Structure formats: structure tokens, C-alpha cells
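Chains, contacts and geometry: an overview
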Amino acid sequence: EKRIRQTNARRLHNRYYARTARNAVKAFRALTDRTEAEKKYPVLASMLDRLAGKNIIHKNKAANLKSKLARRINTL
Amino acid sequence: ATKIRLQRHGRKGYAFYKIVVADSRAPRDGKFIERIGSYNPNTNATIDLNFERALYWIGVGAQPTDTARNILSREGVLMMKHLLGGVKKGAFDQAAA
Amino acid sequence: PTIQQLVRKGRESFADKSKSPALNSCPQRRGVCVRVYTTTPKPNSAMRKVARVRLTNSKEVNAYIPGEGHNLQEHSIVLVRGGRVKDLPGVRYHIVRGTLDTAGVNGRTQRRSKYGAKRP
Amino acid sequence: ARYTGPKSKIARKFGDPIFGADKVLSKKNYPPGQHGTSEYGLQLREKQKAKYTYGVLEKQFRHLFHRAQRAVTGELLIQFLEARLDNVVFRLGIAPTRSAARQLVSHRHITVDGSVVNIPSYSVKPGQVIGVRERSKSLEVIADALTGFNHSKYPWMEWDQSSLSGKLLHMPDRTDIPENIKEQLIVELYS
Amino acid sequence: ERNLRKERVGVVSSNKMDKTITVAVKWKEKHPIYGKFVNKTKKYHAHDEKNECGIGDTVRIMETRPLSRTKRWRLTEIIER
RNA sequence: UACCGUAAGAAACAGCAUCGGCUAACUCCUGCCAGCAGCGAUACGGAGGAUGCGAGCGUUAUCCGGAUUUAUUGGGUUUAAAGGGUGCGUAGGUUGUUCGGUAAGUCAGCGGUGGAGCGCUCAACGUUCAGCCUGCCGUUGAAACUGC
RNA sequence: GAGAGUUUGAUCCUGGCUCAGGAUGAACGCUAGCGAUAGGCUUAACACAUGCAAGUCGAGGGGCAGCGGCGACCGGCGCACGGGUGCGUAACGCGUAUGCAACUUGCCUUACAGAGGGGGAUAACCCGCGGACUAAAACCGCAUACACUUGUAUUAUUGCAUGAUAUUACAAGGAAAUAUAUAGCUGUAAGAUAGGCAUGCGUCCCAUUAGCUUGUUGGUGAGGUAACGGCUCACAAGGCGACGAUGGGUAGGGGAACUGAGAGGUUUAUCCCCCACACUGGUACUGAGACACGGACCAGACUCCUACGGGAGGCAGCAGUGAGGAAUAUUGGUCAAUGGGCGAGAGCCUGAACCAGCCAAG
Ligand SMILES: [K+]
Ligand SMILES: [K+]
Ligand SMILES: [K+]
Ligand SMILES: [Mg+2]
Ligand SMILES: [Mg+2]
Ligand SMILES: [Mg+2]
């Protein structure tokens, strides 16, 4: 029972932050303005890095996402 | 973790142990990385030991069990304290005692 | 054949058949005496006691009854081992005496272990 | 197991006095049975003669034979048979016959190198000491066989009566062992 | 001071596919049972950045990481046409 | 390890007409036995002796060798089984002689990798070192033969 | 490194058959004294009841109703190992030998840096499956790190194509645990250990199994992954096959072991390495790591109990019992030794393992 309760609570906790980050990248992926992208990037990168160092996702996954978004904003 | 332990390789009523370096998850008499000696508690206890390899593994960080730690305390394998260059350069000789 | 013929085709080795196929690679089987009857040899002219038995391995065979004097009857559970009789076509199995329903030969003083008789 | 049966029957079967001296060796000397040969028969007679004269059963005899083959094979099989605790005790004269020597060894009466060994098949290597137990040096039966007889006809035993011990100098050659056994027949049979 | 990868010398067998070729490597080896020497051939898939290889060419190819579903080799040289 | 008082508590099973080691008498003259020559008795059943093995002895079942009874080492096809009814020909297998190249087969070197003791009172068995790694891979050379 | 019999009235060949030998996790008949050392459901991934088999930390926290320590709860680590089974699987599954300039790696060792400041719920408790306050080494921001990630460079050096290793910079972003000297906590790097992917060669029969494939083959781009890749998603058309594709049947694979002078062969009984599995399927979740062996959810058998509103089990862990069968044992003792898990240690747990009991029993 203890294992079941811990797994359910941790599953909900991980789902919260993973879904928030996924929605953040989805919203960022429709941006067009360069200055808007520049001022929206750092908080999204911070959230992704916090997730990666928090073990919800992997460090290589966060690095890949950050590289993709930086290479996108480097080309308007 | 990597360990230094003894596998019971003998006969019923006559325990003969092999000193090996093996993962902690491996079975007792199963897989090992390197054989570093033998051990027989029936005599009055004959110990075979590879000094250089035992020093190398205790240096890279293999954790020995209690009995293997006693076996390494004998034959002077735990002289890493003296070999750590503790404000000196010579080598003492405590094996004669 | 030539070396290339052997390379292309090769050699084929057959499999030797088992002399007791109804046992299914077992030393002994258990059966029930479906029928108990008598047969005539193929230059002997005797009256050999045989039983048709349906073994537990879904097979029916004929088993000779060695010795003199059998207490068996129809619908009797018997132990069947290999071994054939030369002058009798058909039968290729024996019934172990002294096991299950089959009793040992009475009045036997020699070759006792082959007929299931205890020491007197 | 052991034979523990009638010995004169085997003596009269084989003709030779394997067990020793008896009146039946000269009176009524013929193979036993109220009713009393191929090369198989003679080979079997030779092998059984060796087995009965040395108290060895079939599996031990076969082990001795192929051990001798691994390490003339028939020549050293005979010295392997001779190098036995009971046989060495009997040849030292401390016991009358080979059965008596076997019983003495099996009981706590014989030591090898100062330690009591009671296995009456223990191979004795050269340069070893076999001696009577120090607690059994004063038995009524233990002394009449050695003292008085004093044969000492074998040039590979040292006796040393002053210590009641004995030593095997070396394995005797096939010519100096007084056994009427044709090892060629046995090695041909087992080959 | 690196490690070495596998190298295969062969003959081009197909180039109809874009940016990739097929290389045939043939050798004679002893039969295990009868000891005769028989011919064997193997086909490799190689990656070439230009369709510069025609049907039949002594070439050398080198092992690589998976570049496609079945593409683990790359062209290195052309011995002859 | 030591002390009393006693051989005292401890031997079966198979087969003896040939192959094979081991033979008199009584039964039966169907009952029976068998791995074969077969007997229905120096072969069936018992009694006496004999011969094997021996805490085992026999029966059945399974797998190897003798078997060359799949034959590369190491078999054959007139008459014992075994040449296609006869040709042409595709793939494949084989290739007269000689002069040079190459190094795929082949050969060689160098690396990597995978009996003697001791202790069981003896032995099975434990254990150590001398001893094969002769399989695979890498790297250097040789050119008589096969291939190109 | 060998033979014997057997077709004839009698020969010499050919050829099958039968004995003689060696070995069984064998069974049966007769008969049985001891010791040592091995082995013990080979039949069905058959059904049953009971008990045990994975817990530990009061040097993490709120409590003590219990005399110091601890029932219970929150929290850390472990239960993916040890142990069991051979269903499935002709496959980079396995064996052998390599590559990753396409990889990940808790616990362990070493080196370099740092541990500064705050706030929410909530379990238990209390009050009646509902209501309110609670603490952190539980949870989540802020400050700092340019040793790390990302992006843009310069100086290079050097490869096996895509490139790799270092320096010198700017920018952004990412941590902590303290407790009573010890035990520790965080980031980075190296090592060690363990996994993952891809390769050359080897890997059972059937042609009374001849064509197979339509993300199937390749290219461009994107997404996804620890990572390359039709892994997935939006032009050309291909690829693989008589050196056996495809389809069907049967097997877990090796070292061992047995057995042949050799050639070899047979078989995986004990033992060791790899793979697959946990009543049957599907999906995941938590985790450094999952086919999740004493964890879920759903769908299917089957079985058991209720009190008809509702719930439970999978015996391929160790032992009883029943059935199947020719046939294979105790509902035993101890953690004393070896090995594991947790713990600062003492220590606790361990049907692994050490032992003992039973069995013509090798
Ligand atoms: K000691
Ligand atoms: K973990
Ligand atoms: K323990
Ligand atoms: Mg014995
Ligand atoms: Mg003909
Ligand atoms: Mg013709």
C-alpha cells in the first residue's frame, strides 16, 4: 500500500512538471518575433534545465531541446 | 560495487576459498573479474596472494569483506598508508616482524 | 562419388529403429489384461500363454507370460517389459512376475529373481 | 568383501601351495568337486591364482592393472601387487600368513612412519618404515611368527629386530619374487 | 592513437540507388568437411556522396556507424574502373 | 583418543551342452527354456557339487565403438543393390606450355585473446605448478604451386 | 587402434541381423553390515492448504499511548540481486573477434570547487469514508557555480567520412544536509563496475516448400531517443533470392560431461557463462537500472469466500498433500562459516548458503 501510494503521488508530481514543460515548448514553437523569442527563451531554458537536473527528464534530452530552440531562434 | 571476497571452492567438510575480485551483484561462486589468491582455514591458515594486483584493486577502490580485509591486513597489503608518500620518500620494512 | 558431388549433395545417415516402440523409451509400462489366450508356435508345437494388454501409453500389444502357472485373468493390471519370443510371430513383450497383479511362480528354487520368488 | 571360505579347495585347484604347507597338498591333491581346457581357461586360472594368493577382488585388481598400464606392464603389476601393507607385513615375517597379516593390519596393530595405518591395501613406497604398534609389542601371537622363524630370505627388506620396525629398500625385480605367475597371460587377457 | 575499423576490398555490383552502392567481395576458402576450396561471395552496402561509380570497379570500403536501415560502409578509394 | 568382554551382532545373486569359465543323479518326455547354432534333453524342473562376481547379482530401456552399415581420412555400380534410352547445352566444377606483375588461396615470423607434487590414516576426491592452447584477430615478410 | 555367430550337401564372396564390450540424475526381481563423497519429479512452465522466503535505518521527522527504546505514519536505500523454469525463439539469440569520432552507468575510489538565504501543502494525531493545525535530509522558488549544458567565436593541433581534443572570451541557464571529531550533502572530471547498439565468420530438416517484399530499398527535411537509424512522419523507385529468399516443422545456445587411435560424434543429469519467462495478453508507472519473482491498471480462462450489496488467488522460491507415472525425499536445524541488503557502529534479516533426515546407491 505504501509503495502504491508513493508511486501514485510521484507519478502525479512528475506529470505536472513534464506537462508544463511540454506545453511551454509547444507554445514557444509557434513564436515569430525575434525579440519575443529572445525574451521568452531564458525562462524556458531554466525550466528545462531544472527538470533535467531534477531527474524528470534526461540531461541529454534537455541539451537536445535547448540546442534545437537556440538554433531555431538563431534563424528568426 | 566491486568487491574482494572469497568463493567456497572445496569439498563438504573441507572449505577452500578462492580470493577473487568480483561485482557485488554476482553469485558467490559464479562470475568474477580477476583471481588474486587462495585461502585455506583448515591448516595452521595458508594464504596465497598476488600482492601487486591486490594493491592495484584496493587502490582503484574495490571494497573488501571482513575476512578478506583481515587477509589483506596480513601479508601487509594495507601498506597504502606508508606508500601514500606521507612526508617521506623511503620504504620501511615491517615484513621481517 | 567425386569431391564436388559430395560437396553439392553430402552423405545421408538413417536412424536405427527401436526394438520396443510401444514402451516409448521406457523400461517398463503398466497395462490392463484386455484378453488372456493361448497361441501355437511357428517346429515346437506348444501352447504358449499370452495376454493382449492395453498399455497406459494408448497402445495395445501382446505380452508373453513366462513360467509355469499364471494366476492372471481378464482385466488385470500388469507390468510389461521388453523382450521377444523367437518362435512366436506377433508377441514382443514379457510380463514381469511378482509385480502388481502378477504373482511369482510357486515352488521355484532356482532362477528365483527372474520369476519373482522369495527365498524359502 | 573377503573370501573367508575354504582354502584347501583353492590350494588343490591350483596345485601350488599359495597359502602355505598342508597335508592336503600331498594327500588328495586334485581340483575339487565330485566330478574332479582352452586358453581362456588357463588365463582365467592364472588371474584367479593371483587374486586368491594376494587377497584382491576383481575391481581392485582391474584398477591395479590399468594403473600399472598407465605407469613391462605385466612386470610392474606384480611389484604393485607385492607393494601392499598386508603383503609387506607378511613378508617381514611378523605374521604367519597373508590372511593373518591382513587381520593384523586391519586391527590397530601396525604403524607406518610412526602413525597407525589400518587399511590393508595401502601401497608402500620405497624408503618407508613399517613397524608394530608400541602398545602391541608384547602379544603372545605377535612374537612366535617373527622370532624363531627369522627367514630373512628377501634382499629388499631390512628387519632391525632391535626396534621391531622394518624397511623396504626398493621394489624387487620380477625374477626375485617367488610367485609362480605368468604376467604375460594376465596382460593378454586384460588387453 | 585511435583504433582501427574494418576494411573490405571489393567490386561494385549495383549503383542504381542514389548516393549508395553495393560491393561484392569474393574469396576462395577451404570446405570444412571434404577439404576442397570453394568460392564464396558477400554483398555490402556502402555510402558514396556522388554517383561516380559504374558497374564493376575495384574499390575499398570502411566500416561506419549505421547510416540507414542497411548501410554500414563508406567508400574510400577506387583502384580501377 | 582411551577404557571392559566377547567371534561374539553381519552374504547374496547369476550360470554350468557350443560360442565360455563350471557336471553326477532323479522328474517330464506335454509342461518348458532360449542371444545364436536350437534342445523337445551333459539345454526343461528339482537335489548334490562347480564356476563368476560380491553388498551386490541379474532383467528391461537409452547412447557410443567394433561397422569401412554413408567410406574426406576410409566403400562401390558386367553377372550380388547400383550408368540416365541417346545427344545438344545453361549455371557450376576442372584447365597444354612459357615470360613477367600482383598477393586472393598457400607458407613463415611477431603480438593480443581464449607429468610432478601437497592434503584426504589409503582411495575416490580436493588443491598447486610445470605443461597445450594447435580456435579467432591484428601486424610484418616469402613467391615454388593454385587463382587474377 | 582386435572380434564371434548366422544363408550351403560342402565352398568363396556380397549383405543385413544377432550377440560380446563401455556409460546411465534410470526402473523392476531376489537379497542386504558400515564409513566417505556425489546425486535425487527425466512424466505437466499439473492442482491444493499452511508456514516461511526482503528487509533495514530513533546519527532523517512529527509522536511515546508503551521501560531506555519502540507499535504505527512521513522519509532514505534495497527488493531489476540471490533463488526458480526452458513455454517461446533458427534469431547479431548464442559462440568467437572487434567497433561506438552515434551511447548510458546508482552504490565505490581519487582530484577540484561549494554548502547562502525562504515558503506551501500533507501523513500520523484530534474531532466524526468527511472537517482543522502540523515537521523535514519529504516538496518547490530565490542567491552563487563559466569545473557543466546550450549558442556564437578566435588560436590551434590532428583524424577514419560524418570530424575529434584542447586553450583563450562573451551571453544565458542549472545545485546542497546537516546531525550527534565522526557520519555525512551538492556540482564537475578521471577511474572502476554494469548495461546498450552495430558489425566479420560459424550456427537443424523440407524444393511432395520458387519467387518474396510495398516503409519494402535509398535520398531530403522534421520529430523522437542515452544514442545512429524508416524508429516515426510528410520524392525516386528499389532491395533480397538455386552460395536457397520466402513459407512450414523442430530445438533455448555454449563450456562442460560421455565416448571414439584419429576423424569425430552424442547429450546439456550436477556445475559455470549468455538468452527468454513468472496463469494468458495489452499499456505503462516508479526508479541509476524493469520480461517488474513475494508492485499497479485493464481485458480473458479457471478456482475460492460472501450474504448477495461485495471481495480475493496463479504453488515455473523452500518445504506438506493429491493426481499423472515404471519412477525420485523433511510441512527439519542455524545464520557458527562464505556471500548479500540496510545500518556510524553494535547489530537486524537472509528456505542463498552451511548442515542434518530419507532414498541399492553412482
Ligand atoms: K586456524
Ligand atoms: K534507485
Ligand atoms: K551468515
Ligand atoms: Mg564396494
Ligand atoms: Mg543387378
Ligand atoms: Mg548405355
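So, how was this worked out
- Within every chain, numbering proceeds from 1 in written sequence order, not necessarily in step with the numbering of the entry, and residues without coordinates do not appear.
- Chains carry letters from A onward and ligands carry numbers from 1 onward, assigned in written order.
- Remark: the chains included constitute part of a larger assembly, and values are reported for the included chains only.
- To get the side-chain values, take all heavy atoms of the structure and skip hydrogens and water.
- Residues with missing side-chain atoms are left out of burial classes, side-chain pairs and their counts.
- UniProt positions are given in the numbering used here, feature names are shortened, and annotations may be inferred rather than shown by experiment.
- A run of H or I in DSSP counts as a helix once it spans at least four residues, and a run of E counts as a strand once it spans at least two, with each numbered from the N terminus.
- Each radius of gyration reported is based on C-alpha atoms, and the globular scaling rule is 2.2 Å times the count of residues to the power 0.38.
- Counted as salt bridges are all cases of a side-chain nitrogen of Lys or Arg within 4 Å of a carboxyl oxygen of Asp or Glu.
- Being paired, for any two strands, means DSSP has found at least two bridges between them.
- Here a polar contact is taken to be a pair of N or O atoms separated by no more than 3.5 Å, where protein atoms must pair a possible hydrogen donor with a possible acceptor and residues adjacent in sequence count only if both atoms sit in side chains.
- Residue contacts are defined here by distance: any two heavy atoms, one from each residue, within 4.5 Å place the two residues in contact.
- Between rings of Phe, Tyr and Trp, where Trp is taken as its six-membered ring, a pair exists when centres lie within 6.5 Å; planes separated by under 30 degrees are stacked, by over 60 edge-to-face, and by other angles tilted.
- Two conditions define a charge sitting above a ring: the NZ of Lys or the CZ of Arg must be within 6 Å of the ring centre, and it must be within 35 degrees of the ring normal.
- Angular values range over 0 to 180 degrees, each being the angle between N-to-C directions of two axes fitted as lines to C-alpha atoms, with helices fitted over their stretch in contact.
- To sort the angles, those under 35 degrees are grouped as roughly parallel, those over 145 as roughly antiparallel, those from 65 to 115 as roughly perpendicular, and the leftovers as oblique.
- The sense of a crossing depends on the near helix, which, turned anticlockwise from the far helix by less than a right angle, makes the crossing left-handed and, turned clockwise, makes it right-handed.
- Just so you know the grouping, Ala, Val, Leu, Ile, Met, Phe, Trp, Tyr, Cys and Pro go in nonpolar, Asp, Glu, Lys and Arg go in charged, and all remaining residues, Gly too, go in polar.

Under the PDB entry, the name given to chain D is Small ribosomal subunit protein uS4, and the source organism is Porphyromonas gingivalis. Heading Subunit of the UniProt record for chain D holds this comment: "Part of the 30S ribosomal subunit. Contacts protein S5. The interaction surface between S4 and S5 is involved in control of translational fidelity." According to the UniProt record, the Sequence similarities comment for chain D reads "Belongs to the universal ribosomal protein uS4 family."

By the naming in the PDB entry, chain B is Small ribosomal subunit protein bS16, taken from Porphyromonas gingivalis. What UniProt records for chain B under Sequence similarities is the sentence "Belongs to the bacterial ribosomal protein bS16 family."

Quick look at the overall build of chain D
Helix and strand counts for chain D stand at eight helices and five strands. Mapped from its N terminus to its C terminus, chain D presents α and β elements in the order α-α-α-α-α-α-β-β-β-α-β-β-α. For 191 residues, the compact-globule estimate of 2.2 N^0.38 gives 16 Å, and the C-alpha radius of gyration of chain D, at 17 Å, lies within 12% of that figure. A principal-axis box enclosing the C-alpha atoms of chain D has dimensions of 50 × 40 × 30 Å.

As for the pattern of salt bridges
Between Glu36(A) and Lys39(A) there is a salt bridge, with its nearest N and O atoms 3.8 Å apart. Of this pair, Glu36(A) and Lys39(A) both sit in helix α2 (residues 34–53), three residues apart, roughly one helical turn. Here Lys66(A) and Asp49(A) are joined by a salt bridge, their closest N and O atoms 2.8 Å apart. Of the two residues, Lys66(A) sits in helix α3 (residues 59–73) while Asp49(A) sits in helix α2, which places them 17 residues apart along the sequence. Residues joined by salt bridges that share partners form a network here, namely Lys47(D), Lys51(D) and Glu58(D).

Here's the deal with the sheet that holds strand β3 (residues 130–132) of chain D
Two orientations exist for strands paired in a sheet by backbone hydrogen bonds: parallel and antiparallel. Residue and element names in this part refer to chain D. Read from one edge to the other, the open sheet built from three strands follows the order β2-β1-β3, with strand pairing classed as antiparallel. At either end of the open sheet lies a strand with only one pairing partner, and these are β2 (115–116) and β3. Strand direction decides the pairing type here: strand β1 (residues 110–112) and β2, joined by two bridges, are antiparallel. Residue pairing across strands places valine 112 opposite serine 115, the latter belonging to β2.

A few points about the side chain of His31(E)
By secondary structure assignment, the location of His31(E) is in the loop between β2 (20–30) and β3 (37–47). Of note is the side chain of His31(E), whose polar atom sits 3.1 Å from the backbone nitrogen of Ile33(E). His31(E) has contacts with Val7(C) and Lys36(E), leaving out every residue within four places of it along the chain.

Things to note about the packing of aromatic side chains
The interplanar angle of 80° and the centroid separation of 6.4 Å between the aromatic rings of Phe28(A) and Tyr41(A) together place this pair among those described as edge-to-face. Taken together, the residues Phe28(A) in helix α1 (residues 2–28) and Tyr41(A) in helix α2 connect sequence positions 13 residues apart. One cation-aromatic arrangement involves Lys42(E) over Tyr44(E); the distance from NZ or CZ to the ring centre is 5.8 Å.

Concerning the pairing of strand β3 (residues 34–40) of chain B
Residues and elements named next belong to chain B. When strand β2 (residues 17–23) meets β3, the two strands line up antiparallel, connected through five bridges. Bridge pairing links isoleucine 19 to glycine 37 in β3. Strand direction decides the pairing type here: β3 and strand β4 (residues 46–49), joined by four bridges, are antiparallel. If you follow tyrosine 39 over to β4, its bridge partner there is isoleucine 47.

Some thoughts on the pairing of strand β4 (residues 58–68) of chain E
Residues and elements named next belong to chain E. One ladder, built from five bridges, connects strand β1 (residues 7–14) with β4; its direction is antiparallel. Bridge pairing links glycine 10 to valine 59 in β4. Of the strand pairs in this sheet, β4 and strand β5 (residues 71–80) are connected by seven bridges, and their pairing is antiparallel. Bridge pairing in β5 links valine 59 to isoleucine 78. Between the antiparallel neighbours β4 and β5 lie two residues.

So, the packing of helix α3 (residues 58–70) of chain D against helix α4 (residues 73–82) of chain D
All names here are of chain D. Running from N to C, α3 and α4 point in directions that differ by 130°, and their axes come no closer than 9 Å. In this view, α3 runs oblique relative to α4, as classed from their interaxial angle. In this structure, α3 crosses over α4, and the sense of that crossing is right-handed. Contact with α3, carried on its side by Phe61, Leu64, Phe65, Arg67, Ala68 and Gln69, involves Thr73, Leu76, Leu77, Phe80 and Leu81 of α4 and no other residues of that element. Its residues assigned to classes, the contact of α3 with α4 shows eight nonpolar, two polar and one charged.

Quick word on helix α2 (residues 66–73) of chain B
One side-chain oxygen at the N-terminal end of α2(B) lies 3.3 Å from the backbone nitrogen of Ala68(B); it belongs to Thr65(B). Phi turns positive one or two residues past the end of α2(B), at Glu75(B), with a value near 60°.

Digging into the sheet that holds strand β1 (residues 2–8) of chain B
All names here are of chain B. Strand order in the open sheet formed by five strands is β4-β3-β2-β1-β5, and the pairing between neighbours is mixed. The strands lining the two open edges of the sheet, one partner per strand, are β4 and β5 (63–64). In this structure, β1 lies alongside β5, joined through two bridges in parallel fashion. By the bridge assignment for β5, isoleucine 4 is matched with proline 64.

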